[PDB]
């Protein structure tokens, strides 16, 4: 199964690398730019999982109620298969009814890009129906990995959603706010 392997790859090649020092990075940021923030970023990493596998080029453009505010200070990673790579995470403001309702570190799950690409390329032998099935499977597998994972406790949140196409009353910031509220 591609989703099974993708979930493990996403965990092994990203999440178990980024999550250990994430809560430290967020506390550090909440220390030094506190005068600037007049608030506090939340502790967890919020990962967007659109089931249609539609990943935009820029998250800032994706919803007018989600707004880029700041970068976390970087993290260079020193491991096998990874040498001197610079990882950065972005911090977003979430608006509700014109007002700031939350601030969190937020990003899309990259393997959805691969699932989407696989459905476009004929050499991959992957249909658009295969795609939705695999995306749900990817979400559930990853969910299960993180439940039992030493690195993943209390510091990572999966936000999976299906977007109606295309009455489009959907709000991405509403969906994130629903998880943030806890």
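Numbering follows the first chain given and starts at 1.
Colleague: Of the two stretches 148 to 156 and 116 to 124, which shows the higher Cα B-factor on average in the entry?
Modeller: The deposited B-factors put 148 to 156 ahead on the C-alpha mean.
Colleague: Which is higher on mean Cα B factor in this entry, 63 to 71 or 45 to 53?
Modeller: Between 45 to 53 and 63 to 71, it is 63 to 71.
Colleague: If you check the C-alpha B-factor for each of 107, 78, 93, 96 in the entry, which is highest?
Modeller: That would be 78, according to the entry.
Colleague: According to the PDB entry, is the CA B factor of residue 165 in the bottom, middle or top third of its chain, that is, lowest, middle or highest?
Modeller: Tercile = highest for this residue's CA B-factor.
Colleague: Which third of the chain holds residue 177 when residues are ordered by C-alpha B factor: lowest, middle or highest?
Modeller: It falls in the middle third of the chain.
Colleague: By its CA B factor, does residue 24 count among the lowest, middle or highest third of the modelled residues in the chain?
Modeller: According to the entry, residue 24 has a C-alpha B-factor in the chain's highest third.
Colleague: Ranking the modelled residues of this chain by C-alpha B-factor as given in the entry, is residue 131 in the lowest, middle or highest third?
Modeller: Middle third by C-alpha B-factor.
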